[PDB]
K.L.:
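To start, I am sharing the structure in question, which I have written as structure tokens.
In what follows, chains are A, B, ... by sequence order, proteins preceding strands, each numbered from 1.
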Amino acid sequence: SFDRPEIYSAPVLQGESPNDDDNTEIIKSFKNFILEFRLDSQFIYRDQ
Amino acid sequence: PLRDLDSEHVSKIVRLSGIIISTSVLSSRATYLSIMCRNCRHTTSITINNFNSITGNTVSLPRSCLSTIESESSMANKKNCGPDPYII
Amino acid sequence: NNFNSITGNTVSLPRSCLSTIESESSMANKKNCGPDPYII
Amino acid sequence: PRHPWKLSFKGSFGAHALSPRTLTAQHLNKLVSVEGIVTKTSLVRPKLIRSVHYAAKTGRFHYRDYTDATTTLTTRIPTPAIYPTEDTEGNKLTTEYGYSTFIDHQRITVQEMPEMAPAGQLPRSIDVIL
Ligand SMILES: [Zn+2]
């Protein structure tokens with residue numbers, strides 16, 4: 001009457017080099033655009 | 001311009017101007033729905049974050065019960081739940 | 001009344017519910033009962 | 001000063017006092033008294049009746065009841081409810097062994113007695129679920 005086996009992961013090695021067409025790198029670039037964009041002197045999207 | 005739209009613009013972002021003739025009533029689309037199998041009573045959740053499609057169910061209820069293929073329980077108590085067994 | 005057959009179910013349970021084709025009730029309350037819905 | 005009470009039967013059975021050879025299909029769905037010899041007995045196995053589970057995220061206990069066709073004399077619509085590993089909200093469930101209930105189950109084979117059996121024929125037997 002046992003429960004589920006569970007699957008989980010943890011980052012260990014660097015892996016292959018990142019690719020621009022990879023979804024994770026596109027998400028990271030979008031995140032950097034949200035955080036670091038400056039219109040005149042303000043973080044407009046972060047504050048928004 | 002609206003009449004200068006072309007097949008080259010298909011599946012691409014377009015900026016276009018005009019006047020709005022009608023706004024319909026608000027329909028209710030599901031984002032998160034919890035579903036349960038009819039006789040199996042297997043419980044599943046479906047998350048929808050995409051709503052662009054018109055005239056089509058691009059995301060629907062699964063055609064068969066997902067309990068058997070998962071085989072998550074060790075006991076696994078031929079049993080077939082049937083086509084479209086899930087209830088929202 | 002026929003038991004002559006061997007290694008064969010010459011008579012078996014119907015493959016779909018017979019309520020719809022009969023249409024016996026006037027109300028008739030798309031609903032499909034499923035393949036092999038009958039229980040002995 | 002909770003378990004439902006059961007019934008046992010004694011006395012004359014008349015035409016229902018039979019042997020494993022004398023058991024026929026006309027006696028199906030009837031109460032029969034059958035005398036013979038026990039030849040094979042199975043391992044005593046527990047059968048899960050109610051499984052109790054714990055959700056640590058909500059800290060709540062859930063349960064599910066299971067029945068089979070041998071438990072009830074009358075047939076019922078078979079609703080096979082799987083062993084729950086999620087609650088309704090998706091939280092992981094852990095089995096609470098010791099709060100679940102298991103009923104002992106056995107199957108024996110009763111063959112007709114070698115002194116009441118014909119001297120040359122192969123014997124006839126029947127399974128009994130206890
Ligand atoms: Zn199911």
K.L.:
Give the minimum heavy-atom separation between B:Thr43 and B:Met36, together with the two atoms involved.
P.N.:
OG1-CE, 3.6 Å
K.L.:
Looking at every non-hydrogen atom in both residues, tell me the closest pair between B:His42 and B:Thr44 and how far apart they are.
P.N.:
CE1-OG1, 3.0 Å
K.L.:
Give the interface residues of residues 117-130 of chain D toward chain B, defined by a heavy-atom separation under 4.5 Å.
P.N.:
none
K.L.:
State whether the side chain of B:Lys12 and the backbone N or O of B:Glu8 hold a donor-acceptor pair below 3.5 Å, judged by distance alone.
P.N.:
no
K.L.:
I would like to know whether B:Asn50 and B:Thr58 meet side-chain contact (heavy atoms from CB on, under 4.5 Å); could you show each step before the answer?
P.N.:
CA-CA 9 Å; B:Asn50 194 300; B:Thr58 180; 5.6 Å; no
K.L.:
Does anything in residues 50-80 of chain D get under 4.5 Å of chain B by heavy atoms, and if so which residues?
P.N.:
D:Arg64, D:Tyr66, D:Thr79, D:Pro80
K.L.:
Does any part of the side chain of D:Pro114, heavy atoms only, come nearer than 4.5 Å to the side chain of D:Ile37, both counted from C-beta?
P.N.:
yes
K.L.:
Considering only heavy atoms from C-beta outward, does the side chain of B:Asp4 approach that of B:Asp6 to under 4.5 Å?
P.N.:
no
K.L.:
How about D:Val34 and D:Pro20: do any of their side-chain heavy atoms sit closer than 4.5 Å?
P.N.:
yes
K.L.:
Please check: side-chain N/O of D:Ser42 versus main-chain N/O of D:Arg107, any donor-acceptor pairing under 3.5 Å?
P.N.:
yes
K.L.:
Does any non-hydrogen side-chain atom of D:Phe13 lie less than 4.5 Å from one of D:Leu18?
P.N.:
no
K.L.:
Taking all non-hydrogen atoms of both residues, which atom of B:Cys37 and which atom of B:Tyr86 are closest, and how far apart?
P.N.:
N-CD2, 3.6 Å
K.L.:
I need the full list of side chain to side chain donor-acceptor pair (under 3.5 Å) pairs touching residues 96-105 of chain D, with sequence neighbours left out, sorted by first then second residue.
P.N.:
none
K.L.:
Suppose a student defines contact as a heavy atom less than 4.5 Å from any heavy atom of chain D. Which residues in residues 74-82 of chain B would they list?
P.N.:
B:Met75, B:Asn77, B:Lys79
K.L.:
Which pair of non-hydrogen atoms, one from B:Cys65 and one from B:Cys40, has the smallest distance, and what is that distance?
P.N.:
SG-SG, 3.6 Å
K.L.:
Do B:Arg63 and B:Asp84 have side chains that approach each other closer than 4.5 Å (heavy atoms only, starting at C-beta)?
P.N.:
yes
